[PDB]
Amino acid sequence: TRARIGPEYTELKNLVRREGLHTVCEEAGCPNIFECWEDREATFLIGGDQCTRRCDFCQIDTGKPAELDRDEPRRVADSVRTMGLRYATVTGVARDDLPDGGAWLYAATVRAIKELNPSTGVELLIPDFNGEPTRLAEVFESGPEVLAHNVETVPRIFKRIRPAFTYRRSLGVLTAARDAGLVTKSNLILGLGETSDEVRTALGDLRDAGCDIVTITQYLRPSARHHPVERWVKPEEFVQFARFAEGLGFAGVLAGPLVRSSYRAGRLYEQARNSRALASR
């Protein structure tokens, strides 16, 4: 039942090792790596590992970012090409130190990946760029297969532990991406102190904002400096939340102990893609 080491994981590992490629998969010790790499899916981080913001559940440290590296989009595109990925997720940090909030860096990375990797689905997980319409438009024009912006938690909690964001602004990002014609995605992290009723209302908020794909996961505390875990969600409770989201009309729903945002991202995109094409007939 549990994924064990297969031939495509092995190929990818060999290619990563020789070229010295950085992946979030390896660097973060993600336990899904045997399964994801067997499906040739992987995740990359752009913009450095020092974020200009601080959200209490997030393992990324807050600090002074390094200078913009304009060679990073090519580096990521080359990694995707070397690995022969079927699906690639591009993540990053907030860059309030940059005058465009890093919008060029995100767009240029999607563009570079697509130039070299025509058959690779690309998922872009973005910060909010302060909801600035010109920044969002630059990013949307790069045309990722999935545009994700994770709200992570419910408004009561969001307000406190993501103080450089606002819940309605983040919903607005998803709406802007949907309006731009992109498949959209978000994530809820349970165990942060939210009530089940707050999860149900947040799923409704996400759907009404235009969100197509939602993941619902269990919080795993990064360290004793981070937010405490306030609940361990039972399998039957995840199933209820997934049914709730399915009933709301989300095209793709995954609930459970997913560990990271990118788990099964390729399969969820395929579901959303297929359902959109079916509806468009």
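The numbering used is simple: start at 1 and walk along the sequence shown.
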| property | result |
| --- | --- |
| Comparing 94-102 with 79-87, the one whose average Cα B-factor in the PDB entry is higher | 94-102 |
| Per the entry, higher mean C-alpha B factor between 45-53 and 246-254 | 45-53 |
| Criterion, highest CA B-factor; candidates, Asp128, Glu194, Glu72, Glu152 | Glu72 |
| Highest-ranked of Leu68, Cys30, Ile213, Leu220 once sorted by CA temperature factor in the record | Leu68 |
| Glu38 by Cα B-factor - lowest, middle or highest third of the modelled chain | middle |
| Chain-wide C-alpha B factor ranking for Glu132, given as lowest, middle or highest third | highest |
| Chain-wide C-alpha B factor ranking for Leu21, given as lowest, middle or highest third | highest |
| Chain-relative CA temperature factor third for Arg160 | highest |
| Chain-relative CA temperature factor third for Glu145 | lowest |
